[PDB]
Structures are given as structure tokens and as C-alpha cells.
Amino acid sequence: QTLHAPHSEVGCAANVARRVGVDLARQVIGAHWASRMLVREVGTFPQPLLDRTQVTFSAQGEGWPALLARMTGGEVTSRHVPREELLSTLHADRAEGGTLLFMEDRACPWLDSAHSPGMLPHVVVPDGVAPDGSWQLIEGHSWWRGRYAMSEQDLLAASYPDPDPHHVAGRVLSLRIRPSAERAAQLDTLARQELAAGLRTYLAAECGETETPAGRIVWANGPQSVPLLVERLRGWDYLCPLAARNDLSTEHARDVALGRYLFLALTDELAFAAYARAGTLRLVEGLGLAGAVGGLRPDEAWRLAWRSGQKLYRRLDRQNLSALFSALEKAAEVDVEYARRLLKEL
């Protein structure tokens, strides 16, 4: 069975991690307890890439590239590979893990996206040449999850598109992640130690900011991340009466389109939270710690938030917006109690 996740690259990484005996969802994602509000807003002028005030959520914390690298003693390296080196790179990376290969959505027939390269590039995992000379590609996004065939010429055309709005040109993440025998024997020890460290990070509730050409980026970690997120999201309540109007200007239609997309993006982060929290509970169960947290279900609380988000971006109305805020406040409460109870046992 192909592994998958709410974010394509996480699904892809889970497949590569399994090749080298690592359970990414449980031992890497599930070992990294995190909760962060992120904002992009007006900072110091000029910021030419600041198109809008934007808010989202992340349960990814430091992220799987950082954790998978230090836990395996390997590397997760971004490169733009020249075309003359791409196939050799794909064969070479396979010995030690594998490769995430980027391509436009319109290069992937199963995405049914011939007419658009999409907002962001897609990614797949090359999984060898089949008997007939065609590449097997693993799709790690849950909706499309499975294995697909692509000819080698079509793969190289996909890696070097023209034009190239996303800059996919030979873009790979090389995962050279195969642990030593002594490290493989201790992965659950490392997962235990990462779990405690992320819990302490969460309770430390750090915040920061940075000025960029795309805006001031602000973040807030820990128990107040979701309360802060909900307070900020109340600012998009204008979308409800605006989305109900039927005669919208180009500019108002853009405001609604961007507002709906903010809640779509947020909903994918809530799906990821439910995925990650489920990983945490599988980790805690396998460590023998399920005792000290009782039956708290932060996975279920985030699943309910994700469903509220889907309902809201599908139908932008005040009832659906209020339900999302309630579900997020509940998830915040279950998270902080779960985190405190779990850290007590570590």
C-alpha cells in the first residue's frame, strides 16, 4: 500500500522513509509535537511580494526534513539538477533512500489539470524503471494516492518544462537517509527524545518575527497559538456577507477568491494536524505510555476542526465560520492537556 498524507511532500517522504526502515508518520512527524500561528502582514516598506495580509496554522514545527536528517544521521538536500544529471541522480539516491521530484500539475495526468500548472508545483517519488522501460511514480497526496507510470522522455519533459512558472527545472529533494544498524536499533529511543523535546518547545511558547520582501512574517508557538489564530481569523468575517452577493466586481470577486483560498490552505494544515496527532498517538501507544494521557484524543479534536474548515471553504457563511472557531478552541484545549499529561511521563 502506497503511504500518503494531507501534504504531498509528506506522503512522498513517508514512502521514502519506509524504504530505509523509518515510520515517518509515527517516529518523525508524530515525534514532533507542534502548534504555530503564522501571519504575513505589512512591515517595513518596501515589500513588493506582500500581496495581502495572510494567516495560517502549522503543526509541522521544525519540519520532517530537519528531523528526518538528524534522526537518521542522513541528509535531505534541495538541488536544481542539470538535465544531463537527472536520471543518474534518481538511480544514485535510490541506494540510500530516494528522491522527491517536482513537476507541474499539468505533467501528471491523474491530477486532471491539463489547463493549469496550479498555484504550486507538485511532487512525486520515482520508484524504479518497470520491465517495459517506463518509470513508476509514487503519489503521496491522500486524494490521488497510488502508483502511476510515466515514460522516461515524459519524466524528463516534466522535470524541465517550458515555460516554467514554478521553477521546477530539475528540482529534487534527495533523501540520503539510510540509518546505520546501531541507529536503526534505537529509532524509538530517538523518537522518545524528540517527543519530549517538542513538548518542551510547545510549552516554551516562543514567538518571533522577520522582515522580508514578501512582508513581515510573525509566528507564535504553543498553547496560545490556536487562540491567537482564531482571534486573527475573526478579521475575515467580511467574506460571509461578501460571498452571498451575486453581482461582484472583479476586485470583490478577487477578495472572496483569496479569502476562500486562505481557509482552503488552513483546512489542509488542519488535516495535517489530525494526521500528525494520530502519529503521536501511535508513537505513545508503541512506547507503552498510553496510560498517563488517559483517553484524550487530540487527533479527533483536530479531525473535527478539519471538517469545520472543509464546510467553511465549501460554503462561506457565518454559521460555518463560528463552527470552525469553536472546533479550533476545542482542539487547543485538548492539545494543552494532552501535552502536559504526556510530558509528565517522559
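Numbers follow the displayed sequence, beginning with 1.
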- Would 96-104 or 146-154 have the larger average of its C-alpha temperature factors, as given in the entry? 146-154
- 111-119 or 224-232, whichever carries the higher mean Cα B-factor: 111-119
- For the listed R245, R200, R260, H166, which has the peak Cα B-factor recorded in the PDB entry? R245
- Check the PDB entry and point out which of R192, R171, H91, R216 has the largest C-alpha temperature factor. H91
- Select lowest, middle or highest to describe the third in which the CA B-factor of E251 falls within its chain in this entry. highest
- Note on the structure: Split the chain's modelled residues into thirds by Cα B-factor; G140 lands in the lowest
- CA B-factor placement of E62, once the chain's modelled residues are sorted into thirds: lowest
- Message: Using only modelled residues of the chain, where does the Cα B factor of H4 rank: lowest third, middle third or highest third?
- Response: middle
- Should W302 be placed in the lowest, middle or highest third of its chain by the C-alpha B factor in the entry? lowest
